[PDB]
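Peer 1: After the structure tokens below, expect a handful of questions from me.
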Amino acid sequence: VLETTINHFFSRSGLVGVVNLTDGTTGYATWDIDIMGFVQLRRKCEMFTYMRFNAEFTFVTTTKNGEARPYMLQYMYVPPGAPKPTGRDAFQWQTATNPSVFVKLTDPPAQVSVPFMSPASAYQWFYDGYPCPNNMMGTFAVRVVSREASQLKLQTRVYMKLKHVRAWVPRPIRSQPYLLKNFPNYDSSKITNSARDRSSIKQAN
Amino acid sequence: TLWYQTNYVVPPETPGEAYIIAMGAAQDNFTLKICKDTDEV
Amino acid sequence: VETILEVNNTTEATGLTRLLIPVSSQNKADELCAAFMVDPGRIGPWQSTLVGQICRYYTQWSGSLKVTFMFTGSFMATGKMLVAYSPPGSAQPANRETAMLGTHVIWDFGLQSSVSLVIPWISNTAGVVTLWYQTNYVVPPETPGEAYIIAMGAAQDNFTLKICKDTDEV
Amino acid sequence: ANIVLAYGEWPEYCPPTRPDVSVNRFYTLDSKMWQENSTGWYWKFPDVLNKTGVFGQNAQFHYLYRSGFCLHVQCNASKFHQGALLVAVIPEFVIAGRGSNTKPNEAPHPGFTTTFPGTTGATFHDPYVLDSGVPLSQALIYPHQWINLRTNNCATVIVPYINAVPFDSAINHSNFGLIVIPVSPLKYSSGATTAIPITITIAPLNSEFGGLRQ
Amino acid sequence: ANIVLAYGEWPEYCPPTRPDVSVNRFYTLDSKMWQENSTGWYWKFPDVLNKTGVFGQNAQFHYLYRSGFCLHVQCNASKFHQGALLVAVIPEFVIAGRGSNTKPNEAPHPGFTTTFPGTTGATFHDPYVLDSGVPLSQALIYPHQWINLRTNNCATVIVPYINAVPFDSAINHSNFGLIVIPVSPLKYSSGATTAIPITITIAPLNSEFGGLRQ
Amino acid sequence: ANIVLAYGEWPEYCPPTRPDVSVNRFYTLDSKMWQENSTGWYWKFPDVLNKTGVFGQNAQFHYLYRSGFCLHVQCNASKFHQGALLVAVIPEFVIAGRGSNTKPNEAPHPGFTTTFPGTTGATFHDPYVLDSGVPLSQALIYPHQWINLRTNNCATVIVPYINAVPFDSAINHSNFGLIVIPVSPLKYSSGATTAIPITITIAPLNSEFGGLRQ
């Protein structure tokens, strides 16, 4: 009776986003935090109307082939409202109010915690009305700390875990396939039935 | 199973065709365990 | 005492059928059914009632009124109506959602069979009582799709009369 | 009668003006004509009564709004008709767009007359997916009643204020939607009434307005 | 059932013989066949039961009469018929003559079969004026009931002795009349019964007879 | 400050709705520019605020009206200006017509912009007769104050509901008028301000509305 609580239903790590770095030829790599990314956690968070949770973010950065050389890396959390960095050596990296994490490739993966950062009392993704740009959750830039330009292409994996999650106003589970990222657009034609067909109604197929 | 037992008797000026809606739920004894990602997606 | 109003006082009507408001099933919704004034001391539907004939012997009247509807129709037929009072100074409403903002009762046929609307206060520019088809007149087979409404009207304990005068029906 | 209280909570005040006189009256909408080939209807509530009388005037010229609702849905038919309706309230009922395009600037989106129908409601196009890509077979998770034409003819739902913020605009944000769906279609013998009415009355319980911006 | 007491008074004795055994029985008249084009019926009561059994024998061979009445009007129809009846008692119901003559010796007058119909009643010619020049729209001033074929099927009226003299002849003076009028006409679909019955039962409560002139 | 209570009575309720929130606010009219050759101004009060905000909306869409008023007339000039104003309220202030015709269908009558000026007031043509044929020398019988530019610069008048009927229409009947008249004209040396402002604020004390006819 403990594996059925909402906290246990949501609290578990798992891939939430793949970021590609090149360091040629843009140098840096941004990533907007959204939990609606994959179609596996989107189906679990569209089951509830309101949610409230803290997040644990884990950064696992590998190289192209796989070998890890000891280079410094800067991760930068951009809170909602702050401007995103525009270049590899812009002034948004040196801003003291953007919390940064300095970690090497040979070190264990990075791990940070992000609290509830919405001006309302809980997150919501189904917003029936017109302004939902209310829950931005931040941004996560990453670059290679170095004076000159390095010659490696990296590959970062952001694993998200949810903690202290509370849910309100449950709603049914979506059966139709997805078409967009921010809209529940289904297809009018080719509506998939929620139950596989059988031969007759008087059987046990 | 669901069996016609006696009939569907009906007076005149009334349609001789109706429907049955079947619903289903669990009880307080129902318990669940050992999680796994679904396969509808 | 309640008394049947002659709300169907138009032409091409026989003797008794002037006392009945017809309602039919081939009659689209969010649409008007009937409308009449409230002032009893005036030519119109309130001339066939008893309070109208009594308040003609007197030159001033005041107080509240009471209009009672009764649905003469089949038992298996249901549907809703919107009874709407609009106070003096306002014209007859043109839409059902405009009347729903005034004084209104949603009176259905299934549960109730006789609604009553109290007219708050009228002096001696009179106020209009409208009656709107709201949902439909739904009916099962082998049942007539045409019924009637009998409208009745009376005074209240607040109703007072004063300054006599000989009538003019004679 | 059996009254369904939405989520077991009564609508209460904020722990703003309170009309209490002309806003606690039964706004009766027009009757909808339910037929054999009908699909369903839905209404968005904080913009269903934005053009009707005292509530519309006091909700258009204000800026903050908070109220619950008391819904009454009568469905008066004869004793020879048969069918069933599902009447349910849905918090944050987002109308989906029907199309087969994956480009964000080419995929279809519903218009203003579809998302916000007004005091005349709107009809479903695909009631099997609630026009939201979500099946109505499990739409019984919401506060709901059945109107079975052989048992009763009325339904009643008292719904509180469901929102993450204590105050919100009554024009640019519909709080919840009402949905009536004929799960079992209407049948009748020849000679009966071919279309039966559905009447809806609304009572704005515990209304609060703020920011008189005229 | 709902019982209407005429003018709020119970029929009582004179403060004369009292049968009390065979006169306090339910005299049931024949059923009247109400149809679509029917107009109405009226009965004169102290001469409706002047040919029927013990009351008729004890009222024809006496000279003074005083009694109240208990009327029961059943109107049994199906659940598919619709209509409405107005049943009302009228003290001193004088049948008018229908004509356009102002000469007293040439103006028409109703016959004996029209003023005193008997145990078979009589039908109206112009029910809008009650055959008395007085409109039926305000005929609700009398003790009355409505028989609405969607609410009930019976009516009951207990009427006392309404007269200016404590005793009167039961043959040459009808005390009051009963009037049944189909305000709303009878409607029915094809295949149903085209004419529905109306049954009347009479109970002579508190009867008193005097002057046994045989 | 010295407050003049009109006829020694405070405005009170009827022994109807009561807004009490947005109607008890200081409605400030535009400033009138008093000059050397000015004559005077008058305002009709239940139609001065019939186009301004909450009071105008709640008084146009109702049918019965009853309220008192709290008037504040500021007249801010320098210490080098001189003059005097007479500010007085007149119950049932009927504007007369100016002409020399005795025929009822040819004598002049004031227009709608003269009898009911609105929120911008109107100027006198003959202030010696108050535009009513009645001299202003004995206009001190009304509740009045003097604004003498060497003693004070403000006046205040609390006036109750003066009418023969407890309720009246706020559109078709002006209850009373406010009149400001420069009895002593304005004088000033060269180089000073050639026109001085007059500001009026209104507080609808104890308002009551009835008959929400929308």
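Ordering of the structure tokens sets the chain letters (A, B, ...), residue numbers begin anew at 1 in every chain, and ligands are numbered from 1 in the order given.
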List the neighbours of residue 74 (chain E) out to 7 Å using only C-alpha atoms; skip same-chain residues closer than 6 positions along the sequence, and give me the result as a compact mmCIF listing (two decimals) with N, CA and C atoms, in the first residue's frame.

Peer 2:
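See out_26.txt below for the written result:
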```
# COMPACT_ATOMS: atom_id res chain seq x y z
N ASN E 153 -57.65 12.21 -10.87
CA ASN E 153 -58.80 11.76 -11.64
C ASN E 153 -60.11 11.88 -10.86
N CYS E 154 -60.11 12.50 -9.68
CA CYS E 154 -61.30 12.57 -8.85
C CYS E 154 -61.39 13.93 -8.19
N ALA E 155 -62.63 14.30 -7.83
CA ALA E 155 -62.92 15.53 -7.13
C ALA E 155 -64.03 15.27 -6.13
N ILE E 198 -67.18 9.82 -17.27
CA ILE E 198 -67.22 10.66 -16.08
C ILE E 198 -68.33 10.13 -15.18
N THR E 199 -67.97 9.75 -13.95
CA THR E 199 -68.90 9.13 -13.02
C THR E 199 -69.15 10.06 -11.84
N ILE E 200 -70.41 10.13 -11.40
CA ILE E 200 -70.82 11.01 -10.31
C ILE E 200 -71.56 10.19 -9.26
```

Peer 1: May I ask you to extract the residues of chain C within 12 Å of chain E, using only C-alpha atoms, and to give them as number ranges by chain?

Peer 2: C: 1-7, 14-22, 45-54, 70-78, 109-114, 139-154

Peer 1: Looking at only C-alpha atoms, which of F:99, F:160, F:166, F:211 is the one that sits closest to chain D?

Peer 2: F:211

Peer 1: Rounded to one decimal place, report the CA of residue 91 (chain D)-CA of residue 9 (chain D) distance in Å.

Peer 2: 14.5 Å

Peer 1: Which residues come within 6 Å of residue 54 (chain A), counting only C-alpha atoms, excluding same-chain residues fewer than 3 positions away, as a ChimeraX atom specification?

Peer 2: /A:114-116,162-163

Peer 1: Which chain D residues are at most 10 Å from chain F (counting only C-alpha atoms), as a list in words?

Peer 2: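 That gives the following set of residues: residues 17, 19, 21, 22, 53, 54, 212 and 214 of chain D.
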
Peer 1: Generate a file of the selected residues that holds C-alpha atoms, formatted as a CSV table (one decimal), in the first residue's frame.

Peer 2:
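Result file again_2.csv:
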```
chain,number,residue,atom,x,y,z
D,17,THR,CA,-17.7,42.9,-2.7
D,19,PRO,CA,-23.9,41.3,-4.0
D,21,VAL,CA,-29.2,40.1,-3.6
D,22,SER,CA,-29.5,40.1,-7.4
D,53,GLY,CA,-28.0,40.7,-16.4
D,54,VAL,CA,-26.5,41.6,-13.1
D,212,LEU,CA,-14.0,47.9,-10.2
D,214,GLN,CA,-14.8,51.0,-15.3
```

Peer 1: Please extract the residues of chain C with a backbone DSSP assignment of strand (DSSP E) and present them as a count of residues only.

Peer 2: 68

Peer 1: Which residues are near residue 177 (chain E)? Cut-off 7 Å, only C-alpha atoms, ignore same chain within fewer than 6 positions. Put them as a ChimeraX atom specification.

Peer 2: /E:42-45,89-91,93

Peer 1: With C-alpha atoms retained, write the just-selected residues as a JSON list (two decimals), in the first residue's frame.

Peer 2:
```json
[["chain", "number", "residue", "atom", "x", "y", "z"],
["E", 42, "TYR", "CA", -75.02, 20.56, -15.50],
["E", 43, "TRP", "CA", -77.30, 18.89, -12.94],
["E", 44, "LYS", "CA", -80.00, 20.29, -10.66],
["E", 45, "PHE", "CA", -79.67, 18.42, -7.40],
["E", 89, "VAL", "CA", -71.35, 24.10, -7.68],
["E", 90, "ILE", "CA", -73.50, 27.18, -8.28],
["E", 91, "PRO", "CA", -76.21, 28.23, -5.80],
["E", 93, "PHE", "CA", -78.22, 28.49, -11.07]]
```

Peer 1: Excluding same-chain residues fewer than 3 positions from residue 205 (chain F), what lies within 7 Å of it counting only C-alpha atoms, as a short mmCIF file (atom, residue, chain, number, x, y, z; two decimals) with C-alpha atoms, in the first residue's frame?

Peer 2:
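Written out: out-v5.cif:
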```cif
data_model
loop_
_atom_site.label_atom_id
_atom_site.label_comp_id
_atom_site.auth_asym_id
_atom_site.auth_seq_id
_atom_site.Cartn_x
_atom_site.Cartn_y
_atom_site.Cartn_z
CA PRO F 11 -30.30 62.15 5.78
CA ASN F 24 -20.25 56.70 -0.85
CA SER F 67 -30.84 59.60 -1.21
CA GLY F 68 -29.44 62.63 0.56
CA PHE F 69 -26.32 64.55 -0.37
CA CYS F 70 -23.19 66.10 1.14
#
```

Peer 1: Taking the DSSP assignment computed from this structure's backbone, write out as a PyMOL selection string all residues of region 17-66 of chain C that belong to alpha helix (DSSP H).

Peer 2: chain C and resi 50-54

Peer 1: With N, CA and C atoms kept, could you save the residues just selected as a tab-separated table (two decimals), in the first residue's frame?

Peer 2:
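Contents of again-v7.tsv, freshly written:
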```tsv
chain	number	residue	atom	x	y	z
C	50	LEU	N	-61.62	38.68	-12.28
C	50	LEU	CA	-62.49	39.33	-11.30
C	50	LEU	C	-61.81	40.51	-10.62
C	51	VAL	N	-60.50	40.44	-10.40
C	51	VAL	CA	-59.80	41.58	-9.81
C	51	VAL	C	-59.80	42.76	-10.78
C	52	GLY	N	-59.80	42.50	-12.08
C	52	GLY	CA	-59.87	43.58	-13.04
C	52	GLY	C	-61.24	44.23	-13.09
C	53	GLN	N	-62.29	43.43	-12.96
C	53	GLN	CA	-63.64	43.99	-12.93
C	53	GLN	C	-63.93	44.72	-11.63
C	54	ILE	N	-63.32	44.28	-10.52
C	54	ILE	CA	-63.53	44.96	-9.25
C	54	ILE	C	-62.73	46.25	-9.19
```

Peer 1: Just the number, please: distance in Å from CA of residue 204 (chain E) to CA of residue 52 (chain E), one decimal.

Peer 2: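 It comes out at 12.5 Å.
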
Peer 1: Check every residue of chain A for an atom within 9 Å of chain D, counting only C-alpha atoms, and provide those that qualify as a PyMOL selection string.

Peer 2: chain A and resi 49-50+120-124+126-131+169-181+183-189+191+194

Peer 1: Quick one: write out the picked residues with N, CA, C and O atoms as a short mmCIF file (atom, residue, chain, number, x, y, z; two decimals), in the first residue's frame?

Peer 2:
```
data_model
loop_
_atom_site.label_atom_id
_atom_site.label_comp_id
_atom_site.auth_asym_id
_atom_site.auth_seq_id
_atom_site.Cartn_x
_atom_site.Cartn_y
_atom_site.Cartn_z
N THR A 49 -4.61 17.47 -12.67
CA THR A 49 -4.76 18.84 -13.14
C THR A 49 -3.74 19.79 -12.52
O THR A 49 -3.16 20.62 -13.22
N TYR A 50 -3.50 19.68 -11.21
CA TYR A 50 -2.54 20.54 -10.54
C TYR A 50 -1.47 19.69 -9.87
O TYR A 50 -1.76 18.65 -9.29
N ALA A 120 2.07 31.01 -8.73
CA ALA A 120 0.80 30.47 -8.27
C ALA A 120 1.06 29.49 -7.14
O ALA A 120 2.18 29.37 -6.63
N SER A 121 0.03 28.75 -6.73
CA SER A 121 0.17 27.79 -5.64
C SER A 121 0.54 26.40 -6.13
O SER A 121 0.93 25.56 -5.31
N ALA A 122 0.41 26.12 -7.42
CA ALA A 122 0.74 24.82 -7.97
C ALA A 122 0.89 24.94 -9.48
O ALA A 122 0.32 25.85 -10.10
N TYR A 123 1.64 24.02 -10.07
CA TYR A 123 1.77 23.98 -11.52
C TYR A 123 0.46 23.54 -12.16
O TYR A 123 -0.36 22.85 -11.55
N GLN A 124 0.27 23.94 -13.41
CA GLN A 124 -0.84 23.43 -14.20
C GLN A 124 -0.47 23.48 -15.67
O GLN A 124 0.09 24.47 -16.15
N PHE A 126 -2.96 22.20 -18.13
CA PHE A 126 -4.22 22.41 -18.84
C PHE A 126 -4.78 23.75 -18.39
O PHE A 126 -5.44 23.85 -17.35
N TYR A 127 -4.51 24.80 -19.16
CA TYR A 127 -4.97 26.15 -18.87
C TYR A 127 -6.02 26.52 -19.91
O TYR A 127 -5.68 26.79 -21.07
N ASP A 128 -7.28 26.52 -19.50
CA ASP A 128 -8.39 26.86 -20.40
C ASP A 128 -8.62 28.36 -20.32
O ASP A 128 -9.28 28.86 -19.41
N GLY A 129 -8.06 29.09 -21.28
CA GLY A 129 -8.21 30.53 -21.31
C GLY A 129 -7.11 31.16 -22.14
O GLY A 129 -6.32 30.47 -22.78
N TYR A 130 -7.08 32.49 -22.11
CA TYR A 130 -6.14 33.27 -22.88
C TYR A 130 -5.22 34.07 -21.97
O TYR A 130 -5.69 34.69 -21.01
N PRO A 131 -3.91 34.07 -22.23
CA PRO A 131 -2.94 34.84 -21.44
C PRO A 131 -2.93 36.32 -21.81
O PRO A 131 -3.74 37.08 -21.28
N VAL A 169 -7.06 17.28 -8.41
CA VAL A 169 -8.07 17.20 -9.47
C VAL A 169 -7.66 16.19 -10.53
O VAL A 169 -7.24 16.58 -11.63
N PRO A 170 -7.72 14.90 -10.25
CA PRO A 170 -7.34 13.90 -11.25
C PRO A 170 -8.26 13.93 -12.46
O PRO A 170 -9.43 14.33 -12.37
N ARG A 171 -7.73 13.50 -13.59
CA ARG A 171 -8.43 13.50 -14.86
C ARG A 171 -8.04 12.25 -15.63
O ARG A 171 -6.99 11.65 -15.36
N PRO A 172 -8.86 11.82 -16.59
CA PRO A 172 -8.62 10.53 -17.24
C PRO A 172 -7.33 10.51 -18.05
O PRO A 172 -6.71 11.54 -18.31
N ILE A 173 -6.95 9.31 -18.44
CA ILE A 173 -5.68 9.07 -19.11
C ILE A 173 -5.89 9.14 -20.62
O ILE A 173 -6.83 8.53 -21.15
N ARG A 174 -5.03 9.88 -21.30
CA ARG A 174 -5.20 10.12 -22.73
C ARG A 174 -4.90 8.86 -23.52
O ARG A 174 -3.86 8.22 -23.34
N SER A 175 -5.83 8.49 -24.41
CA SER A 175 -5.69 7.30 -25.25
C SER A 175 -5.18 7.60 -26.65
O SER A 175 -4.50 6.76 -27.24
N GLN A 176 -5.48 8.78 -27.18
CA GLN A 176 -5.08 9.12 -28.54
C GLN A 176 -3.59 9.44 -28.59
O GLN A 176 -3.01 9.91 -27.60
N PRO A 177 -2.94 9.20 -29.73
CA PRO A 177 -1.52 9.54 -29.86
C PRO A 177 -1.29 11.04 -29.82
O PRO A 177 -2.21 11.85 -29.94
N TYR A 178 -0.03 11.41 -29.64
CA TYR A 178 0.38 12.80 -29.56
C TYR A 178 0.75 13.33 -30.94
O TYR A 178 1.21 12.59 -31.81
N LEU A 179 0.55 14.63 -31.13
CA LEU A 179 0.90 15.29 -32.38
C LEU A 179 1.81 16.49 -32.18
O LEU A 179 2.71 16.72 -32.99
N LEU A 180 1.61 17.26 -31.12
CA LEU A 180 2.44 18.42 -30.81
C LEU A 180 3.07 18.24 -29.43
O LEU A 180 2.92 17.20 -28.78
N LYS A 181 3.77 19.28 -28.98
CA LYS A 181 4.44 19.26 -27.69
C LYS A 181 3.67 20.01 -26.61
O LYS A 181 3.66 19.58 -25.45
N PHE A 183 0.28 21.10 -27.08
CA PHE A 183 -1.15 21.12 -27.35
C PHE A 183 -1.69 19.70 -27.41
O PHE A 183 -1.04 18.80 -27.95
N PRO A 184 -2.88 19.46 -26.86
CA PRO A 184 -3.45 18.11 -26.89
C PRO A 184 -4.19 17.81 -28.18
O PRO A 184 -5.30 17.28 -28.15
N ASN A 185 -3.58 18.13 -29.32
CA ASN A 185 -4.21 17.93 -30.64
C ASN A 185 -4.20 16.45 -30.98
O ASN A 185 -3.10 15.88 -31.06
N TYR A 186 -5.37 15.86 -31.18
CA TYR A 186 -5.49 14.51 -31.69
C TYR A 186 -5.85 14.58 -33.17
O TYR A 186 -5.89 15.66 -33.77
N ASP A 187 -6.10 13.43 -33.77
CA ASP A 187 -6.45 13.34 -35.18
C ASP A 187 -7.93 13.02 -35.30
O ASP A 187 -8.41 12.06 -34.68
N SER A 188 -8.66 13.83 -36.07
CA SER A 188 -10.08 13.59 -36.25
C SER A 188 -10.33 12.29 -37.00
O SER A 188 -11.14 11.46 -36.57
N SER A 189 -9.63 12.09 -38.11
CA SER A 189 -9.62 10.79 -38.76
C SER A 189 -8.74 9.82 -37.98
O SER A 189 -7.94 10.23 -37.14
N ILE A 191 -9.24 7.51 -35.53
CA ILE A 191 -9.37 7.54 -34.08
C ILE A 191 -9.17 6.12 -33.56
O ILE A 191 -9.95 5.21 -33.90
N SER A 194 -10.00 2.35 -27.77
CA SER A 194 -9.31 2.06 -26.52
C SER A 194 -9.34 0.59 -26.15
O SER A 194 -8.87 0.24 -25.06
#
```
